[PDB]
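Visitor: Encoded as structure tokens, here's the structure I'll be asking about.
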Amino acid sequence: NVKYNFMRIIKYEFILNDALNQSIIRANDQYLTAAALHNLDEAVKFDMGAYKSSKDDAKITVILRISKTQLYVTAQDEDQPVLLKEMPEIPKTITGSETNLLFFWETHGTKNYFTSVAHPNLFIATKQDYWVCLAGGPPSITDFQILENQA
């Protein structure tokens, strides 16, 4: 089928925080828990790069990775936590399996949402106390924010 091939280099090594403002830190190499920054740079830092096919719908996919290791975000199913799939380097030609790493980036001010471009019913949530889960909407705070560090 048509492959979704890398569009443009977005932002990287930023501190990712939700509307709850919990900078999402990796607690384990498979599970991630969000916690409010005060140094700003305290969470594991992501790097986003958008990738492109004209087979979306009306929404575009970006790549979520932590700058440090190449653990990329897999999209599970609704209220079931986002899984850390280690797929090396941001793909330039994306065919079937890399589809776990699609994110619909809706930016509003500082906060922004990530709807799974494959399935909305997957949505990239941020929790104030619990692990970073998923839902087919939010009642989880699926806000994120690109937060630069204090000094």
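Residue numbering restarts at 1 in every chain; chains get A, B, ... in the order shown in the structure tokens, and ligands count up from 1 in that same order.
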Find the residues near residue 60 (chain A): any atom within 7 Å, counting only C-alpha atoms, skip ones fewer than 2 places away on the same chain, and give them as a ChimeraX atom specification.

Guide: /A:56,58,62,104,117

Visitor: DSSP on the backbone: what in region 7-142 of chain A comes out helix (DSSP H, G or I), as a PyMOL selection string?

Guide: chain A and resi 96-101

Visitor: Might you pull out every residue within 8 Å of residue 64 (chain A), with only C-alpha atoms counted and same-chain residues fewer than 3 positions away left off, and present them as a PyMOL selection string?

Guide: chain A and resi 46-49+72-73+101-103

Visitor: Can you write out the residues you just picked, keeping N, CA, C and O atoms, as a tab-separated table (two decimals), in the first residue's frame?

Guide:
```tsv
chain	number	residue	atom	x	y	z
A	46	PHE	N	11.34	14.02	24.61
A	46	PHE	CA	10.90	13.41	23.41
A	46	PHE	C	11.44	14.17	22.23
A	46	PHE	O	11.93	15.29	22.36
A	47	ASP	N	11.33	13.55	21.09
A	47	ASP	CA	11.63	14.21	19.84
A	47	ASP	C	10.57	13.81	18.85
A	47	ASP	O	10.29	12.62	18.65
A	48	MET	N	9.96	14.82	18.26
A	48	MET	CA	8.85	14.63	17.36
A	48	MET	C	9.26	14.95	15.94
A	48	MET	O	9.92	15.95	15.67
A	49	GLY	N	8.89	14.08	15.04
A	49	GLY	CA	9.11	14.29	13.64
A	49	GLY	C	7.91	13.84	12.88
A	49	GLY	O	7.43	12.73	13.12
A	72	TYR	N	10.14	3.91	21.12
A	72	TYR	CA	9.15	4.66	20.40
A	72	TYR	C	7.78	4.22	20.88
A	72	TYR	O	7.63	3.15	21.43
A	73	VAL	N	6.81	5.07	20.71
A	73	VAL	CA	5.49	4.81	21.26
A	73	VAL	C	4.66	3.91	20.36
A	73	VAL	O	4.50	4.18	19.17
A	101	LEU	N	3.51	4.16	15.98
A	101	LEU	CA	4.09	5.46	16.23
A	101	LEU	C	3.40	6.60	15.47
A	101	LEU	O	4.06	7.57	15.09
A	102	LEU	N	2.08	6.55	15.28
A	102	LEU	CA	1.42	7.72	14.72
A	102	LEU	C	0.71	8.52	15.80
A	102	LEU	O	0.08	7.96	16.70
A	103	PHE	N	0.80	9.84	15.69
A	103	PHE	CA	0.22	10.74	16.68
A	103	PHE	C	-0.36	11.98	16.02
A	103	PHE	O	0.34	12.69	15.30
```

Visitor: What's the 8 Å shell around residue 137 (chain A), counting only C-alpha atoms, without same-chain residues fewer than 4 positions away, as a list in words?

Guide: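 Everything that qualifies: residues 78, 120, 121, 122 and 123 of chain A.
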
Visitor: Output the selection as a PDB file, in the first residue's frame - N, CA and C atoms for each residue.

Guide:
```
ATOM      1  N   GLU A  78      -7.325   1.984  23.431  1.00  0.00           N
ATOM      2  CA  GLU A  78      -8.110   2.752  24.400  1.00  0.00           C
ATOM      3  C   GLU A  78      -7.490   2.654  25.802  1.00  0.00           C
ATOM      4  N   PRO A 120      -8.448   6.946  16.510  1.00  0.00           N
ATOM      5  CA  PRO A 120      -8.830   7.858  17.598  1.00  0.00           C
ATOM      6  C   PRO A 120      -9.065   7.176  18.945  1.00  0.00           C
ATOM      7  N   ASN A 121      -9.652   5.974  18.921  1.00  0.00           N
ATOM      8  CA  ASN A 121     -10.003   5.270  20.154  1.00  0.00           C
ATOM      9  C   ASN A 121      -8.741   4.900  20.937  1.00  0.00           C
ATOM     10  N   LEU A 122      -7.628   5.098  20.297  1.00  0.00           N
ATOM     11  CA  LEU A 122      -6.352   5.189  20.952  1.00  0.00           C
ATOM     12  C   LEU A 122      -6.058   6.680  21.103  1.00  0.00           C
ATOM     13  N   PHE A 123      -5.660   7.110  22.269  1.00  0.00           N
ATOM     14  CA  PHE A 123      -5.360   8.516  22.475  1.00  0.00           C
ATOM     15  C   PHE A 123      -4.306   8.621  23.558  1.00  0.00           C
TER      16      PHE A 123
END
```

Visitor: For a quick check of understanding, using only C-alpha atoms, which of A:126, A:138, A:88, A:54 has the smallest distance to residue 36 (chain A)?

Guide: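 Once distances to residue 36 (chain A) are computed over only C-alpha atoms, the minimum belongs to A:126.
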
Visitor: Quote the spacing between CA of residue 17 (chain A) and CA of residue 37 (chain A) in Å to one decimal place.

Guide: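 Between CA of residue 17 (chain A) and CA of residue 37 (chain A) the gap works out to 7.9 Å.
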
Visitor: If you count only C-alpha atoms, which residues fall within 8 Å of residue 16 (chain A), apart from same-chain ones fewer than 3 positions away, as a list in words?

Guide: residues 22, 23, 24, 43, 44, 45, 46, 144, 145, 146 and 147 of chain A

Visitor: Taking into account only C-alpha atoms, which residue in the set A:50, A:27, A:20, A:71 is nearest to residue 125 (chain A)?

Guide: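 Comparing A:50, A:27, A:20, A:71 against residue 125 (chain A), the winner is A:20.
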